[PDB]
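Participant: First the structure, which I've put down as structure tokens, then a few questions once you've had a look.
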Amino acid sequence: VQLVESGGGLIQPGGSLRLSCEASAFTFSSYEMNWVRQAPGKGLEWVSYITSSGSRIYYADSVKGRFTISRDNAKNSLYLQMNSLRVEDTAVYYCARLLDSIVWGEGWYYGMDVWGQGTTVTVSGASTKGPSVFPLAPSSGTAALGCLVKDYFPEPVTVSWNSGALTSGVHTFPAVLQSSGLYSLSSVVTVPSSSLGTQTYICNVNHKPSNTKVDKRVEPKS
Amino acid sequence: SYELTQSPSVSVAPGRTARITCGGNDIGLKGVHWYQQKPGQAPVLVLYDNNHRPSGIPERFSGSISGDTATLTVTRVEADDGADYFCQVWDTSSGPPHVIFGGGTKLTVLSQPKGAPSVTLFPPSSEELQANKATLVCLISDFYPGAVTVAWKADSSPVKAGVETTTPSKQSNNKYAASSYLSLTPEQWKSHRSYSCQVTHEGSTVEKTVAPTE
Amino acid sequence: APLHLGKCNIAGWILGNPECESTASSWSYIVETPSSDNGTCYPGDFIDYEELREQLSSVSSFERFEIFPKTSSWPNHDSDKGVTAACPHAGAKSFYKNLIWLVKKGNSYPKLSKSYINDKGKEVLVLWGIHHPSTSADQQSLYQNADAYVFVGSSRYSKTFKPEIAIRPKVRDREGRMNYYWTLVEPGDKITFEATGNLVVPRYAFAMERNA
């Protein structure tokens, strides 16, 4: 049993995409399907639902008149046409099937049995921008120095130190989404305070969505 | 309009019993369904129709309906059980058929001795002050449980505008870490004497300080 | 001494409505406390209720026994889904404790055939029900077969019931209906239940001896 979803990505506000949810190893034509989203760190929210017959289609309030459910049982695939997308629509969108079909007249509801892996939809009015890498100088026997990777879009960014030689004490924090729609993160390595005036520390920042590669050298201050 | 009330956090020790509750008006008549979501993973159905346990779900998971309160019970709690748990009902008695979730209850398993946070505070760099931008970086690592609060201070006055804190994240050493950024203008960085990052974890607060006159 | 039903009528106590609580093996007459649902917490007509009241009024013996054990009499069907918000208990969904609402196991309601022979030394009162979905979509979700029927027969009773799929007024949140039937079994007789859907089988019967 498995549900494969895709079709997601980055959309500019007011835009549209179509998510798909393909089925394998079960008779997709007899199960009732669902779409459930999850904000970048928030909780679960039901988007919409459809019967196996394609007869009943219900939606949540916040997506009515903007999202449409469809399914082609002939292709074992469920669809979510998302029009007039907004910044608050940014979330991970899961498809899921109900254990047994809903018995409406008798009030019988069963849970959601199998879920998709997730497909991420970001609605941001931000052009893809390379990051500005600023040095976090060591304070004047284990010193702390790092790299501030500020104002990039979208995710992700990979940070390495000394081109890969220094991996002990290296620690790259998760990124934060600022008000301007741009991300920023930091990666700090803890080194002996003695190798400050000898060993050279250079962090390697790579942002593939912009083909930007920055190598900044982190030294103390005078 | 119908609302499923749910506690946000529950902490249990290895081997004990944890009870997650879900409150709602006539929750048992509707049928409450429970889901287990581990960090980065899809949800997992662990209980449907109040008491019914899906296949492959261990008998350690059970459910009861005490009127307007539903409870998910996990026995012999282990570290694998640590996850976010959501409850679910269907509602046809509040408008068109709509589905309602709970806020989710994070189950912390307390499978490691407590760890004090290692705080490092960086002032805005010269390069950054040269780009007409200012960011203070406050870096927290090696603490446990992963629950921490960060307050910034102007001089000795609380600042709450322009602060950006990440949710605690798991490290390799099974401890947690998080970062917090204070974005200012270069003038504000110079107009004050000393800024402060107060990081509070398990009652004991740590404070680091940076200043432009340095 | 009479029978003091606390908060149920006869139909509420005899069907096993979850609201009734707490052992009488003889009673002169019955004290029926009224209720709004008319005893039937699931909407439905009770066929020959006065006839059953009149013959429940004075009994000298009254044993309740499991005519069809829940855990062994229904192996090809699902005897665990049959609860409703119309008949609640302790906040959750429940059902009449003397009946079982059978529902298709998987996507098939294979033909049901179950017989009970009166081994007792007295008459046996048997209660069952016929369910009627509100839409044919509910019929297939409940019983898979659209051409369902129910046959109940003994030596003195015989009737074939057919599903009456109709959208009735919303009573107790339900626009389906559920009729209730009964009959007495003579001390040497056999009652049989045939069904391809819509049958709410008996779980508990009553062996009784009446007076006059």
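Ligands are numbered from 1 in the order shown, residues from 1 within each chain, and chains are lettered A, B, ... in the order they appear in the structure tokens.
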Please, which residues of range 63-113 of chain C, numbered as in this document, come out strand (DSSP E) from DSSP, as a list in words?

Facilitator: residues 63, 64, 65, 66, 77, 78, 84, 85, 86, 87, 88, 89, 92, 93, 94, 99, 100, 101, 103, 104, 112 and 113 of chain C

Participant: Since we have the selection now, will you write its residues out, keeping N, CA and C atoms, as a PDB file, in the first residue's frame?

Facilitator:
```pdb
ATOM      1  N   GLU C  63     -36.239 -16.178  32.576  1.00  0.00           N
ATOM      2  CA  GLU C  63     -34.801 -16.341  32.423  1.00  0.00           C
ATOM      3  C   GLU C  63     -34.335 -15.668  31.140  1.00  0.00           C
ATOM      4  N   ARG C  64     -33.223 -14.946  31.240  1.00  0.00           N
ATOM      5  CA  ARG C  64     -32.581 -14.279  30.115  1.00  0.00           C
ATOM      6  C   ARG C  64     -31.318 -15.050  29.758  1.00  0.00           C
ATOM      7  N   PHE C  65     -31.219 -15.494  28.507  1.00  0.00           N
ATOM      8  CA  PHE C  65     -30.076 -16.286  28.083  1.00  0.00           C
ATOM      9  C   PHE C  65     -29.594 -15.800  26.725  1.00  0.00           C
ATOM     10  N   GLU C  66     -28.312 -16.035  26.455  1.00  0.00           N
ATOM     11  CA  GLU C  66     -27.694 -15.636  25.193  1.00  0.00           C
ATOM     12  C   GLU C  66     -28.082 -16.650  24.124  1.00  0.00           C
ATOM     13  N   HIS C  77     -19.757 -12.211   9.250  1.00  0.00           N
ATOM     14  CA  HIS C  77     -20.261 -10.847   9.269  1.00  0.00           C
ATOM     15  C   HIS C  77     -19.553 -10.067  10.368  1.00  0.00           C
ATOM     16  N   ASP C  78     -19.798  -8.760  10.396  1.00  0.00           N
ATOM     17  CA  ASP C  78     -19.202  -7.875  11.389  1.00  0.00           C
ATOM     18  C   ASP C  78     -20.260  -7.531  12.431  1.00  0.00           C
ATOM     19  N   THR C  84     -24.671   3.410  17.336  1.00  0.00           N
ATOM     20  CA  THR C  84     -25.245   4.617  16.764  1.00  0.00           C
ATOM     21  C   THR C  84     -25.233   5.713  17.818  1.00  0.00           C
ATOM     22  N   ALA C  85     -25.104   6.960  17.361  1.00  0.00           N
ATOM     23  CA  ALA C  85     -25.252   8.095  18.261  1.00  0.00           C
ATOM     24  C   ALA C  85     -26.686   8.258  18.742  1.00  0.00           C
ATOM     25  N   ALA C  86     -27.645   7.607  18.080  1.00  0.00           N
ATOM     26  CA  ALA C  86     -29.034   7.685  18.514  1.00  0.00           C
ATOM     27  C   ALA C  86     -29.271   6.897  19.796  1.00  0.00           C
ATOM     28  N   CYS C  87     -28.433   5.892  20.070  1.00  0.00           N
ATOM     29  CA  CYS C  87     -28.505   5.088  21.287  1.00  0.00           C
ATOM     30  C   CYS C  87     -27.137   5.170  21.959  1.00  0.00           C
ATOM     31  N   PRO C  88     -26.883   6.229  22.720  1.00  0.00           N
ATOM     32  CA  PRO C  88     -25.553   6.444  23.294  1.00  0.00           C
ATOM     33  C   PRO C  88     -25.424   5.864  24.697  1.00  0.00           C
ATOM     34  N   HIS C  89     -24.179   5.832  25.169  1.00  0.00           N
ATOM     35  CA  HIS C  89     -23.874   5.388  26.523  1.00  0.00           C
ATOM     36  C   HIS C  89     -22.495   5.891  26.917  1.00  0.00           C
ATOM     37  N   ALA C  92     -20.143   7.778  24.437  1.00  0.00           N
ATOM     38  CA  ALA C  92     -19.820   7.172  23.156  1.00  0.00           C
ATOM     39  C   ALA C  92     -21.059   6.512  22.556  1.00  0.00           C
ATOM     40  N   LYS C  93     -20.886   5.946  21.363  1.00  0.00           N
ATOM     41  CA  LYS C  93     -21.981   5.287  20.664  1.00  0.00           C
ATOM     42  C   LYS C  93     -22.199   3.879  21.206  1.00  0.00           C
ATOM     43  N   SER C  94     -23.460   3.464  21.258  1.00  0.00           N
ATOM     44  CA  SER C  94     -23.818   2.148  21.774  1.00  0.00           C
ATOM     45  C   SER C  94     -25.015   1.630  20.981  1.00  0.00           C
ATOM     46  N   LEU C  99     -29.809  -6.946  21.222  1.00  0.00           N
ATOM     47  CA  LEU C  99     -29.717  -7.150  19.785  1.00  0.00           C
ATOM     48  C   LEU C  99     -28.292  -6.874  19.335  1.00  0.00           C
ATOM     49  N   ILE C 100     -27.990  -7.290  18.109  1.00  0.00           N
ATOM     50  CA  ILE C 100     -26.726  -6.978  17.457  1.00  0.00           C
ATOM     51  C   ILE C 100     -27.027  -6.514  16.043  1.00  0.00           C
ATOM     52  N   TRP C 101     -26.520  -5.339  15.687  1.00  0.00           N
ATOM     53  CA  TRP C 101     -26.714  -4.783  14.351  1.00  0.00           C
ATOM     54  C   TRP C 101     -25.580  -5.302  13.474  1.00  0.00           C
ATOM     55  N   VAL C 103     -23.381  -5.991  10.104  1.00  0.00           N
ATOM     56  CA  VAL C 103     -22.936  -5.191   8.973  1.00  0.00           C
ATOM     57  C   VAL C 103     -21.958  -6.055   8.186  1.00  0.00           C
ATOM     58  N   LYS C 104     -21.847  -5.785   6.885  1.00  0.00           N
ATOM     59  CA  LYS C 104     -21.003  -6.599   6.018  1.00  0.00           C
ATOM     60  C   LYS C 104     -19.565  -6.646   6.523  1.00  0.00           C
ATOM     61  N   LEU C 112     -26.935 -15.210   5.309  1.00  0.00           N
ATOM     62  CA  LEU C 112     -26.932 -15.584   6.713  1.00  0.00           C
ATOM     63  C   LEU C 112     -28.005 -16.634   6.957  1.00  0.00           C
ATOM     64  N   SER C 113     -27.648 -17.673   7.705  1.00  0.00           N
ATOM     65  CA  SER C 113     -28.591 -18.730   8.061  1.00  0.00           C
ATOM     66  C   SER C 113     -28.252 -19.198   9.467  1.00  0.00           C
TER      67      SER C 113
END
```

Participant: Considering only C-alpha atoms, return as a PDB file with N, CA and C atoms, in the first residue's frame whatever protein or nucleic-acid residues lie within 7 Å of residue 25 in chain C, sequence-local ones (same chain, fewer than 4 positions apart) excluded.

Facilitator:
```pdb
ATOM      1  N   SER C  60     -44.585 -15.850  35.679  1.00  0.00           N
ATOM      2  CA  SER C  60     -44.146 -16.544  36.883  1.00  0.00           C
ATOM      3  C   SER C  60     -42.679 -16.941  36.840  1.00  0.00           C
ATOM      4  N   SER C  61     -42.091 -17.039  35.651  1.00  0.00           N
ATOM      5  CA  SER C  61     -40.675 -17.326  35.498  1.00  0.00           C
ATOM      6  C   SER C  61     -40.144 -16.498  34.339  1.00  0.00           C
ATOM      7  N   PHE C  62     -38.867 -16.116  34.425  1.00  0.00           N
ATOM      8  CA  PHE C  62     -38.292 -15.197  33.442  1.00  0.00           C
ATOM      9  C   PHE C  62     -36.771 -15.353  33.475  1.00  0.00           C
ATOM     10  N   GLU C  63     -36.239 -16.178  32.576  1.00  0.00           N
ATOM     11  CA  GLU C  63     -34.801 -16.341  32.423  1.00  0.00           C
ATOM     12  C   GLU C  63     -34.335 -15.668  31.140  1.00  0.00           C
TER      13      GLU C  63
END
```

Participant: Once you count only C-alpha atoms, which residues of chain B turn out to be within 9 Å of chain C? Could you give them as a list in words?

Facilitator: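 On the chain B side, the interface is residues 26, 27, 28, 29, 30, 31, 50, 64, 65, 66, 67, 68 and 69 of chain B.
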
Participant: Quick one: residues within 12 Å of residue 116 in chain C, only C-alpha atoms counted, chain neighbours fewer than 2 positions away excluded, as number ranges by chain?

Facilitator: C: 66-69, 73, 113-114, 118-120, 124-126, 152-154, 185-193, 201-205

Participant: Smallest atom-to-atom distance to chain A: which of B:112, B:41, B:185, B:196, using only C-alpha atoms?

Facilitator: B:41

Participant: Please identify every residue of chain C that has at least one atom no farther than 12 Å from an atom of chain A, counting only C-alpha atoms, and for each give the shortest atom pair and the distance in Å to one decimal, arranged by chain then increasing number, as a tab-separated table.

Facilitator:
```
residue	atom	partner	partner_atom	distance
C:42	CA	A:106	CA	10.6
C:43	CA	A:106	CA	11.9
C:81	CA	A:108	CA	8.7
C:82	CA	A:108	CA	9.6
C:83	CA	A:108	CA	8.8
C:84	CA	A:106	CA	7.1
C:85	CA	A:107	CA	7.5
C:86	CA	A:106	CA	9.2
C:87	CA	A:106	CA	11.7
C:93	CA	A:108	CA	10.0
C:103	CA	A:103	CA	11.6
C:104	CA	A:100	CA	11.5
C:105	CA	A:100	CA	11.1
C:106	CA	A:100	CA	9.2
C:107	CA	A:30	CA	9.7
C:131	CA	A:106	CA	11.1
C:132	CA	A:105	CA	10.7
C:133	CA	A:105	CA	7.4
C:134	CA	A:105	CA	6.5
C:135	CA	A:105	CA	7.6
C:136	CA	A:105	CA	10.2
C:137	CA	A:103	CA	8.3
C:138	CA	A:103	CA	6.2
C:139	CA	A:103	CA	9.4
C:140	CA	A:103	CA	9.6
C:141	CA	A:103	CA	6.4
C:142	CA	A:103	CA	7.9
C:143	CA	A:103	CA	11.5
C:165	CA	A:105	CA	11.5
C:166	CA	A:105	CA	11.3
C:167	CA	A:105	CA	9.5
C:168	CA	A:105	CA	11.0
C:170	CA	A:105	CA	10.1
C:171	CA	A:105	CA	11.9
C:172	CA	A:106	CA	11.1
C:173	CA	A:106	CA	8.8
C:174	CA	A:105	CA	6.7
C:175	CA	A:105	CA	7.0
C:176	CA	A:105	CA	7.2
C:177	CA	A:106	CA	10.4
C:178	CA	A:106	CA	11.7
```

Participant: Okay, now the selection with C-alpha atoms, as a PDB file, in the first residue's frame?

Facilitator:
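Heads up, here's the output in selection-v9.pdb:
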```pdb
ATOM      1  CA  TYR C  42     -33.381   4.384  17.087  1.00  0.00           C
ATOM      2  CA  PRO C  43     -36.468   5.573  15.171  1.00  0.00           C
ATOM      3  CA  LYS C  81     -19.753  -1.861  13.950  1.00  0.00           C
ATOM      4  CA  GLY C  82     -23.408  -1.732  14.999  1.00  0.00           C
ATOM      5  CA  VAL C  83     -23.487   1.307  17.291  1.00  0.00           C
ATOM      6  CA  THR C  84     -25.245   4.617  16.764  1.00  0.00           C
ATOM      7  CA  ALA C  85     -25.252   8.095  18.261  1.00  0.00           C
ATOM      8  CA  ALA C  86     -29.034   7.685  18.514  1.00  0.00           C
ATOM      9  CA  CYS C  87     -28.505   5.088  21.287  1.00  0.00           C
ATOM     10  CA  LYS C  93     -21.981   5.287  20.664  1.00  0.00           C
ATOM     11  CA  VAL C 103     -22.936  -5.191   8.973  1.00  0.00           C
ATOM     12  CA  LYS C 104     -21.003  -6.599   6.018  1.00  0.00           C
ATOM     13  CA  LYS C 105     -17.554  -8.017   6.694  1.00  0.00           C
ATOM     14  CA  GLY C 106     -15.290  -6.704   3.964  1.00  0.00           C
ATOM     15  CA  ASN C 107     -17.241  -5.919   0.805  1.00  0.00           C
ATOM     16  CA  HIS C 131     -33.201  -1.791   9.331  1.00  0.00           C
ATOM     17  CA  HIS C 132     -34.094   0.523   6.447  1.00  0.00           C
ATOM     18  CA  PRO C 133     -31.361   2.846   5.111  1.00  0.00           C
ATOM     19  CA  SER C 134     -32.266   6.356   4.025  1.00  0.00           C
ATOM     20  CA  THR C 135     -30.408   6.076   0.695  1.00  0.00           C
ATOM     21  CA  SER C 136     -29.248   3.154  -1.419  1.00  0.00           C
ATOM     22  CA  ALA C 137     -25.706   4.429  -0.841  1.00  0.00           C
ATOM     23  CA  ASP C 138     -26.152   3.576   2.838  1.00  0.00           C
ATOM     24  CA  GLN C 139     -27.524   0.165   1.852  1.00  0.00           C
ATOM     25  CA  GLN C 140     -24.341  -0.794   0.007  1.00  0.00           C
ATOM     26  CA  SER C 141     -22.109   0.693   2.702  1.00  0.00           C
ATOM     27  CA  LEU C 142     -23.990  -1.448   5.253  1.00  0.00           C
ATOM     28  CA  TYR C 143     -24.945  -4.626   3.376  1.00  0.00           C
ATOM     29  CA  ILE C 165     -35.038   2.523   1.470  1.00  0.00           C
ATOM     30  CA  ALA C 166     -36.723   5.892   1.991  1.00  0.00           C
ATOM     31  CA  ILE C 167     -35.682   9.315   3.277  1.00  0.00           C
ATOM     32  CA  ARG C 168     -37.858   9.755   6.365  1.00  0.00           C
ATOM     33  CA  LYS C 170     -34.992  13.455  10.673  1.00  0.00           C
ATOM     34  CA  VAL C 171     -35.871  11.947  14.056  1.00  0.00           C
ATOM     35  CA  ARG C 172     -33.092  11.468  16.630  1.00  0.00           C
ATOM     36  CA  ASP C 173     -30.607  12.610  13.928  1.00  0.00           C
ATOM     37  CA  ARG C 174     -31.596   9.618  11.755  1.00  0.00           C
ATOM     38  CA  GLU C 175     -33.647   9.546   8.551  1.00  0.00           C
ATOM     39  CA  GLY C 176     -33.410   5.766   8.369  1.00  0.00           C
ATOM     40  CA  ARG C 177     -35.812   3.518  10.230  1.00  0.00           C
ATOM     41  CA  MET C 178     -35.568   0.269  12.173  1.00  0.00           C
TER      42      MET C 178
END
```

Participant: Using 6 Å as the limit and counting only C-alpha atoms, can you tabulate each residue of chain A that touches chain B, with its shortest atom-to-atom distance in Å and the two atoms involved, as JSON lines?

Facilitator:
```
{"residue": "A:46", "atom": "CA", "partner": "B:99", "partner_atom": "CA", "distance": 6.0}
{"residue": "A:110", "atom": "CA", "partner": "B:48", "partner_atom": "CA", "distance": 6.0}
{"residue": "A:111", "atom": "CA", "partner": "B:48", "partner_atom": "CA", "distance": 5.2}
{"residue": "A:117", "atom": "CA", "partner": "B:42", "partner_atom": "CA", "distance": 5.9}
```
